[PDB]
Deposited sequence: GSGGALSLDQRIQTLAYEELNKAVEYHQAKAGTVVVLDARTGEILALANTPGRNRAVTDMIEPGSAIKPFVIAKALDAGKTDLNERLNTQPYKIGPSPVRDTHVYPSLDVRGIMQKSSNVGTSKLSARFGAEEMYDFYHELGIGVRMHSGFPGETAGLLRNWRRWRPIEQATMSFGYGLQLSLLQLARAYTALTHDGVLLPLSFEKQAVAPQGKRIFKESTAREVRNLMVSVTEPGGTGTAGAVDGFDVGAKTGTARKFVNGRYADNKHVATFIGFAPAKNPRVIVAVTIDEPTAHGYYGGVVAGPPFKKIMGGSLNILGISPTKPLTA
């Protein structure tokens, strides 16, 4: 069995604390081995196994994949500075939390730009993006063995409005479970190769499939470190002793924080969702960042992973 009881206990405890402090309705945590896809912990607030049953709009948590795909296909590179001013398609606005007049690709990641991510997605055809989301596992049942398991939702590309391609690129109009979303992060941690996920210990990485070039995955992991450093949306999830690649999400009300460490050679993925926080903040960084921090730091300690930089706390 892949579960690690010390990690399971940590996850469950830190999750309940966050749910309490933010007066939230529920929450879920998934912790994966970043190299093999095996599940190290799966925790829920009382009730159904929300990690497998509940499809969510991933919001900003999907942005690293769109950025990665644009890089991978040569539709952008690390030098381009994009106009990130808010816009409309017909009556519907596409805008960020702030008006950034322009951003390079690092900034689009760091600042979590809906505008920037949508312009990258728009360099692909609707069908191309549809197959990409499908490739990530969206709309595909995992057959984890749990009852009630959702396949998620991926609407047929022929039906998409232009605005819908945009909104999907920043995480609305498609849906997947927290487990499906955590799995998608293996494509970043396992050097471009998406892993299946397992409840049994894996001697080696199982049969996966390549989504991105290895160079692309490495570059994106590095961009995601900017999220947890000053200037990023996810500084609450920084972990002492380590560089952490992460992404915040605040789905219109679900607060999400997902990331991995060590960023250069990842060992652990931690994914946290807190459903309808009503006290002490709304945003993924503020609400889900603190439990992520504690579960990641704790997990790395539990698994005996040495810090890559000196401790200061």
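Counting the deposited sequence from 1, the stretches lacking C-alpha coordinates are 1-5, 258-268.
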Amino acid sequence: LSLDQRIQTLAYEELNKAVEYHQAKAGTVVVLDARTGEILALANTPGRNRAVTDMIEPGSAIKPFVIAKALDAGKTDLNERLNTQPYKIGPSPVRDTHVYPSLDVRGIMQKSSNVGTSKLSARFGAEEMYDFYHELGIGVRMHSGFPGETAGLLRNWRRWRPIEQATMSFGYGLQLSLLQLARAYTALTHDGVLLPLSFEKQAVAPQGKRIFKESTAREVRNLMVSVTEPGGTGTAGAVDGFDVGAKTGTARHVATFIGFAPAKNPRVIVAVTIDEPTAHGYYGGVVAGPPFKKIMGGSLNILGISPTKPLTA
From here on, numbers count along this sequence of modelled residues.
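Here 123-131 and 198-206 are compared by their mean Cα B-factor, and 198-206 comes out higher. Higher average CA B factor: 273-281, of the stretches 273-281 and 33-41.
For the set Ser113, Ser92, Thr76, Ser215, the maximum C-alpha B-factor listed in the entry falls on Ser92. The residue among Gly47, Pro58, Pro262, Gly259 whose C-alpha carries the highest B-factor in the deposited model is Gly47. Annotation for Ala11: C-alpha temperature factor in the middle third relative to the rest of the modelled chain, per the entry. In the deposited entry, the Cα temperature factor of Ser226 sits in the bottom third of values across the chain's modelled residues. Annotation for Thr167: C-alpha temperature factor in the middle third relative to the rest of the modelled chain, per the entry.
Per-chain ranking of the deposited C-alpha B factor places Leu153 in the highest third.
In this PDB entry, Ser118 carries a Cα temperature factor that places it within the lowest third of its chain's modelled residues.
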